[PDB]
Amino acid sequence: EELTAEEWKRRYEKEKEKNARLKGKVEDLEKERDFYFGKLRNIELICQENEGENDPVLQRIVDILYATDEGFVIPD
Amino acid sequence: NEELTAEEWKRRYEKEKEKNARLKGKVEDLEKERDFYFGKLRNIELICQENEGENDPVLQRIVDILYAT
């Protein structure tokens, strides 16, 4: 059956509310993502600062830092 | 005049639906990135904990990073 103006309006409004919620969620996740990335960069800096120490535990941390999303350690 | 027609509301609905499909893609991408970085930090925290019986100051700075708000 063919929808009325009111029925399309209700669908539009439902989507608009959804849109506001998604914007809030994407902005929250963006913030948390950058937060964690900043931590990781700071830890990378601490490691580099202490690289003249050839510490194996620091090397384990570096390997965690450089693991790809496929699970392989590739520096940079 | 002032009231929108069925076709005009339909158009707005379709445009908003398309926007929401895009935002859902972005949410899921960001969720994956977030989990990726969070998992690295949890791994690093573990390495620091395994090694706390060293009183290494540098590990303490890393832990300070980990717990900063």
# chains A, B, ... in the order shown; residues from 1 in each chain; ligands from 1
>>> interface_residues(of="chain A", to="chain B", cutoff="8 Å", atoms="only C-alpha atoms", output="PyMOL selection string")
chain A and resi 3-6+8-9+11-13+15-16+18-19+22-23+25-26+29-30+32-33+36-37+39-40+42-43+46+50+57+60-61+64-65+69
>>> write_last_selection(atoms="N, CA and C atoms", output="mmCIF file, in the first residue's frame")
data_model
loop_
_atom_site.group_PDB
_atom_site.id
_atom_site.type_symbol
_atom_site.label_atom_id
_atom_site.label_comp_id
_atom_site.auth_asym_id
_atom_site.auth_seq_id
_atom_site.Cartn_x
_atom_site.Cartn_y
_atom_site.Cartn_z
ATOM 1 N N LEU A 3 2.202 4.787 1.089
ATOM 2 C CA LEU A 3 2.333 5.464 2.374
ATOM 3 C C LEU A 3 1.841 6.907 2.295
ATOM 4 N N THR A 4 1.279 7.392 3.399
ATOM 5 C CA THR A 4 0.868 8.792 3.457
ATOM 6 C C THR A 4 2.056 9.699 3.774
ATOM 7 N N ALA A 5 1.816 11.012 3.671
ATOM 8 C CA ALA A 5 2.823 11.980 4.084
ATOM 9 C C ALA A 5 3.237 11.764 5.536
ATOM 10 N N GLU A 6 2.267 11.488 6.413
ATOM 11 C CA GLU A 6 2.569 11.325 7.834
ATOM 12 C C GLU A 6 3.445 10.100 8.092
ATOM 13 N N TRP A 8 5.632 8.629 5.941
ATOM 14 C CA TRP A 8 6.998 8.942 5.536
ATOM 15 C C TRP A 8 7.659 9.894 6.523
ATOM 16 N N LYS A 9 6.911 10.869 7.037
ATOM 17 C CA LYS A 9 7.485 11.782 8.025
ATOM 18 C C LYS A 9 7.948 11.023 9.257
ATOM 19 N N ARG A 11 8.899 7.918 9.429
ATOM 20 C CA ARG A 11 10.129 7.213 9.084
ATOM 21 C C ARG A 11 11.330 8.163 9.041
ATOM 22 N N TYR A 12 11.158 9.342 8.430
ATOM 23 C CA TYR A 12 12.218 10.343 8.442
ATOM 24 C C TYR A 12 12.641 10.679 9.870
ATOM 25 N N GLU A 13 11.679 10.949 10.750
ATOM 26 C CA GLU A 13 12.037 11.325 12.113
ATOM 27 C C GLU A 13 12.775 10.197 12.827
ATOM 28 N N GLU A 15 14.704 7.993 11.503
ATOM 29 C CA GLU A 15 16.075 8.024 10.991
ATOM 30 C C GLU A 15 16.846 9.212 11.536
ATOM 31 N N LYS A 16 16.198 10.367 11.658
ATOM 32 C CA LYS A 16 16.912 11.542 12.159
ATOM 33 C C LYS A 16 17.392 11.328 13.593
ATOM 34 N N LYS A 18 18.015 8.406 14.993
ATOM 35 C CA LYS A 18 19.127 7.475 14.811
ATOM 36 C C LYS A 18 20.416 8.191 14.419
ATOM 37 N N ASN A 19 20.321 9.155 13.502
ATOM 38 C CA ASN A 19 21.495 9.883 13.024
ATOM 39 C C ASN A 19 22.167 10.615 14.173
ATOM 40 N N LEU A 22 24.050 8.038 16.264
ATOM 41 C CA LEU A 22 25.263 7.568 15.603
ATOM 42 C C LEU A 22 26.358 8.626 15.623
ATOM 43 N N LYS A 23 26.017 9.890 15.371
ATOM 44 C CA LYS A 23 27.023 10.945 15.454
ATOM 45 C C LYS A 23 27.657 10.969 16.841
ATOM 46 N N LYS A 25 27.946 8.505 18.911
ATOM 47 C CA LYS A 25 28.775 7.320 19.095
ATOM 48 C C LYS A 25 30.079 7.410 18.297
ATOM 49 N N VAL A 26 30.021 7.906 17.059
ATOM 50 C CA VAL A 26 31.230 7.978 16.247
ATOM 51 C C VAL A 26 32.197 9.002 16.834
ATOM 52 N N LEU A 29 33.822 7.338 19.907
ATOM 53 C CA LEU A 29 34.834 6.349 19.536
ATOM 54 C C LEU A 29 36.059 7.018 18.937
ATOM 55 N N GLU A 30 35.856 8.039 18.115
ATOM 56 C CA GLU A 30 36.979 8.809 17.602
ATOM 57 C C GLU A 30 37.840 9.331 18.749
ATOM 58 N N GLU A 32 38.073 8.210 21.909
ATOM 59 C CA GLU A 32 38.750 7.103 22.591
ATOM 60 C C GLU A 32 39.877 6.515 21.735
ATOM 61 N N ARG A 33 39.646 6.379 20.431
ATOM 62 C CA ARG A 33 40.683 5.910 19.519
ATOM 63 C C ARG A 33 41.913 6.806 19.567
ATOM 64 N N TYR A 36 43.886 6.406 22.860
ATOM 65 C CA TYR A 36 44.750 5.233 22.912
ATOM 66 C C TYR A 36 45.943 5.391 21.986
ATOM 67 N N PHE A 37 45.713 5.941 20.792
ATOM 68 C CA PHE A 37 46.812 6.121 19.853
ATOM 69 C C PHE A 37 47.864 7.048 20.442
ATOM 70 N N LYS A 39 48.528 7.471 23.662
ATOM 71 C CA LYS A 39 49.281 6.646 24.611
ATOM 72 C C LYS A 39 50.334 5.807 23.899
ATOM 73 N N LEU A 40 49.935 5.139 22.817
ATOM 74 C CA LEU A 40 50.868 4.274 22.112
ATOM 75 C C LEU A 40 52.049 5.072 21.578
ATOM 76 N N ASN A 42 53.235 7.893 22.854
ATOM 77 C CA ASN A 42 54.059 8.277 24.009
ATOM 78 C C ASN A 42 54.938 7.121 24.471
ATOM 79 N N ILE A 43 54.381 5.910 24.489
ATOM 80 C CA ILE A 43 55.160 4.736 24.867
ATOM 81 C C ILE A 43 56.246 4.473 23.834
ATOM 82 N N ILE A 46 58.984 6.807 24.728
ATOM 83 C CA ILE A 46 59.762 6.363 25.886
ATOM 84 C C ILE A 46 60.728 5.255 25.479
ATOM 85 N N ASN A 50 64.926 5.318 25.395
ATOM 86 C CA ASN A 50 65.743 4.375 26.148
ATOM 87 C C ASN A 50 66.360 3.285 25.279
ATOM 88 N N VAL A 57 62.930 -6.472 27.511
ATOM 89 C CA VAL A 57 61.522 -6.242 27.803
ATOM 90 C C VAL A 57 61.000 -5.058 26.995
ATOM 91 N N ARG A 60 60.182 -6.392 23.719
ATOM 92 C CA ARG A 60 58.865 -7.008 23.645
ATOM 93 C C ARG A 60 57.779 -5.947 23.500
ATOM 94 N N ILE A 61 57.934 -4.823 24.199
ATOM 95 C CA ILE A 61 56.939 -3.760 24.078
ATOM 96 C C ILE A 61 56.951 -3.181 22.663
ATOM 97 N N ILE A 64 55.072 -5.408 20.346
ATOM 98 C CA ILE A 64 53.628 -5.172 20.468
ATOM 99 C C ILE A 64 53.227 -3.919 19.698
ATOM 100 N N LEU A 65 54.006 -2.839 19.852
ATOM 101 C CA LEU A 65 53.663 -1.574 19.209
ATOM 102 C C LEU A 65 53.576 -1.715 17.696
ATOM 103 N N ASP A 69 47.535 -5.407 11.921
ATOM 104 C CA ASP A 69 46.255 -6.043 12.195
ATOM 105 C C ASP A 69 46.182 -7.459 11.638
#
>>> select_by_dssp(residues="chain A", states="helix (DSSP H, G or I)", output="tab-separated table (two decimals) with N, CA and C atoms, in the first residue's frame")
chain	number	residue	atom	x	y	z
A	5	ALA	N	1.82	11.01	3.67
A	5	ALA	CA	2.82	11.98	4.08
A	5	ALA	C	3.24	11.76	5.54
A	6	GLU	N	2.27	11.49	6.41
A	6	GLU	CA	2.57	11.33	7.83
A	6	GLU	C	3.45	10.10	8.09
A	7	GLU	N	3.22	9.01	7.34
A	7	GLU	CA	3.97	7.78	7.54
A	7	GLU	C	5.42	7.94	7.07
A	8	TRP	N	5.63	8.63	5.94
A	8	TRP	CA	7.00	8.94	5.54
A	8	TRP	C	7.66	9.89	6.52
A	9	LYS	N	6.91	10.87	7.04
A	9	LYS	CA	7.48	11.78	8.03
A	9	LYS	C	7.95	11.02	9.26
A	10	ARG	N	7.12	10.09	9.73
A	10	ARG	CA	7.51	9.30	10.89
A	10	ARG	C	8.78	8.51	10.61
A	11	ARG	N	8.90	7.92	9.43
A	11	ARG	CA	10.13	7.21	9.08
A	11	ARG	C	11.33	8.16	9.04
A	12	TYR	N	11.16	9.34	8.43
A	12	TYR	CA	12.22	10.34	8.44
A	12	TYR	C	12.64	10.68	9.87
A	13	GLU	N	11.68	10.95	10.75
A	13	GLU	CA	12.04	11.32	12.11
A	13	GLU	C	12.78	10.20	12.83
A	14	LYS	N	12.31	8.96	12.66
A	14	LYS	CA	13.02	7.83	13.27
A	14	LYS	C	14.48	7.79	12.81
A	15	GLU	N	14.70	7.99	11.50
A	15	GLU	CA	16.07	8.02	10.99
A	15	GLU	C	16.85	9.21	11.54
A	16	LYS	N	16.20	10.37	11.66
A	16	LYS	CA	16.91	11.54	12.16
A	16	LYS	C	17.39	11.33	13.59
A	17	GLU	N	16.54	10.75	14.44
A	17	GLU	CA	16.96	10.44	15.80
A	17	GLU	C	18.13	9.47	15.79
A	18	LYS	N	18.01	8.41	14.99
A	18	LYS	CA	19.13	7.48	14.81
A	18	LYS	C	20.42	8.19	14.42
A	19	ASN	N	20.32	9.16	13.50
A	19	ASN	CA	21.49	9.88	13.02
A	19	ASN	C	22.17	10.61	14.17
A	20	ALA	N	21.39	11.37	14.96
A	20	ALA	CA	21.98	12.01	16.13
A	20	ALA	C	22.70	11.00	17.04
A	21	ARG	N	22.09	9.84	17.29
A	21	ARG	CA	22.75	8.87	18.17
A	21	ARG	C	24.06	8.34	17.57
A	22	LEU	N	24.05	8.04	16.26
A	22	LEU	CA	25.26	7.57	15.60
A	22	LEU	C	26.36	8.63	15.62
A	23	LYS	N	26.02	9.89	15.37
A	23	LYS	CA	27.02	10.94	15.45
A	23	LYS	C	27.66	10.97	16.84
A	24	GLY	N	26.83	10.89	17.89
A	24	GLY	CA	27.38	10.85	19.23
A	24	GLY	C	28.32	9.67	19.44
A	25	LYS	N	27.95	8.51	18.91
A	25	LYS	CA	28.78	7.32	19.10
A	25	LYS	C	30.08	7.41	18.30
A	26	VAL	N	30.02	7.91	17.06
A	26	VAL	CA	31.23	7.98	16.25
A	26	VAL	C	32.20	9.00	16.83
A	27	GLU	N	31.67	10.11	17.36
A	27	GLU	CA	32.53	11.10	18.00
A	27	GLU	C	33.15	10.56	19.29
A	28	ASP	N	32.37	9.83	20.10
A	28	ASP	CA	32.95	9.18	21.28
A	28	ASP	C	34.07	8.20	20.90
A	29	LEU	N	33.82	7.34	19.91
A	29	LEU	CA	34.83	6.35	19.54
A	29	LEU	C	36.06	7.02	18.94
A	30	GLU	N	35.86	8.04	18.12
A	30	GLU	CA	36.98	8.81	17.60
A	30	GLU	C	37.84	9.33	18.75
A	31	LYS	N	37.20	9.92	19.76
A	31	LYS	CA	37.93	10.44	20.92
A	31	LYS	C	38.72	9.34	21.63
A	32	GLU	N	38.07	8.21	21.91
A	32	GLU	CA	38.75	7.10	22.59
A	32	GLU	C	39.88	6.52	21.74
A	33	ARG	N	39.65	6.38	20.43
A	33	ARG	CA	40.68	5.91	19.52
A	33	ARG	C	41.91	6.81	19.57
A	34	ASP	N	41.72	8.12	19.41
A	34	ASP	CA	42.87	9.03	19.44
A	34	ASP	C	43.55	9.02	20.80
A	35	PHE	N	42.77	8.87	21.87
A	35	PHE	CA	43.34	8.75	23.21
A	35	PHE	C	44.33	7.59	23.28
A	36	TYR	N	43.89	6.41	22.86
A	36	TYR	CA	44.75	5.23	22.91
A	36	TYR	C	45.94	5.39	21.99
A	37	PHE	N	45.71	5.94	20.79
A	37	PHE	CA	46.81	6.12	19.85
A	37	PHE	C	47.86	7.05	20.44
A	38	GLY	N	47.42	8.11	21.11
A	38	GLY	CA	48.34	9.02	21.78
A	38	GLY	C	49.17	8.31	22.83
A	39	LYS	N	48.53	7.47	23.66
A	39	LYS	CA	49.28	6.65	24.61
A	39	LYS	C	50.33	5.81	23.90
A	40	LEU	N	49.93	5.14	22.82
A	40	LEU	CA	50.87	4.27	22.11
A	40	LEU	C	52.05	5.07	21.58
A	41	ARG	N	51.80	6.28	21.07
A	41	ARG	CA	52.89	7.11	20.56
A	41	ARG	C	53.81	7.55	21.69
A	42	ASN	N	53.24	7.89	22.85
A	42	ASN	CA	54.06	8.28	24.01
A	42	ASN	C	54.94	7.12	24.47
A	43	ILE	N	54.38	5.91	24.49
A	43	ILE	CA	55.16	4.74	24.87
A	43	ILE	C	56.25	4.47	23.83
A	44	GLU	N	55.92	4.64	22.55
A	44	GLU	CA	56.93	4.51	21.52
A	44	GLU	C	58.07	5.50	21.75
A	45	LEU	N	57.73	6.72	22.17
A	45	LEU	CA	58.76	7.71	22.46
A	45	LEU	C	59.61	7.28	23.65
A	46	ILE	N	58.98	6.81	24.73
A	46	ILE	CA	59.76	6.36	25.89
A	46	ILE	C	60.73	5.26	25.48
A	47	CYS	N	60.24	4.31	24.67
A	47	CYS	CA	61.10	3.22	24.21
A	47	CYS	C	62.27	3.76	23.41
A	48	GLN	N	62.00	4.65	22.45
A	48	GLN	CA	63.09	5.19	21.64
A	48	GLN	C	64.10	5.93	22.50
A	49	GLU	N	63.62	6.78	23.41
A	49	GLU	CA	64.50	7.48	24.34
A	49	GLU	C	65.42	6.51	25.06
A	51	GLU	N	66.47	3.50	23.97
A	51	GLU	CA	66.94	2.42	23.12
A	51	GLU	C	68.43	2.15	23.27
A	52	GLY	N	69.19	3.12	23.76
A	52	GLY	CA	70.60	2.91	24.01
A	52	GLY	C	70.85	1.96	25.17
A	53	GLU	N	69.80	1.34	25.69
A	53	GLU	CA	69.90	0.41	26.81
A	53	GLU	C	69.75	-1.05	26.41
A	56	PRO	N	65.65	-6.15	26.70
A	56	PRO	CA	64.77	-7.10	26.00
A	56	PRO	C	63.29	-6.90	26.30
A	57	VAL	N	62.93	-6.47	27.51
A	57	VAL	CA	61.52	-6.24	27.80
A	57	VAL	C	61.00	-5.06	27.00
A	58	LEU	N	61.80	-3.99	26.89
A	58	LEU	CA	61.42	-2.90	26.00
A	58	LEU	C	61.26	-3.41	24.59
A	59	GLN	N	62.07	-4.38	24.18
A	59	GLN	CA	61.94	-4.94	22.84
A	59	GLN	C	60.63	-5.69	22.67
A	60	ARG	N	60.18	-6.39	23.72
A	60	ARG	CA	58.86	-7.01	23.65
A	60	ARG	C	57.78	-5.95	23.50
A	61	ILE	N	57.93	-4.82	24.20
A	61	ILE	CA	56.94	-3.76	24.08
A	61	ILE	C	56.95	-3.18	22.66
A	62	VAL	N	58.14	-2.99	22.10
A	62	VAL	CA	58.24	-2.47	20.73
A	62	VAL	C	57.56	-3.42	19.76
A	63	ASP	N	57.77	-4.73	19.94
A	63	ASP	CA	57.14	-5.67	19.03
A	63	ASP	C	55.61	-5.61	19.13
A	64	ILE	N	55.07	-5.41	20.35
A	64	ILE	CA	53.63	-5.17	20.47
A	64	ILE	C	53.23	-3.92	19.70
A	65	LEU	N	54.01	-2.84	19.85
A	65	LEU	CA	53.66	-1.57	19.21
A	65	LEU	C	53.58	-1.71	17.70
>>> atom_distance(atom1="atom CA of residue 55 of chain A", atom2="atom CA of residue 56 of chain B")
10.7 Å
>>> atom_distance(atom1="atom CA of residue 70 of chain A", atom2="atom CA of residue 49 of chain B")
25.6 Å
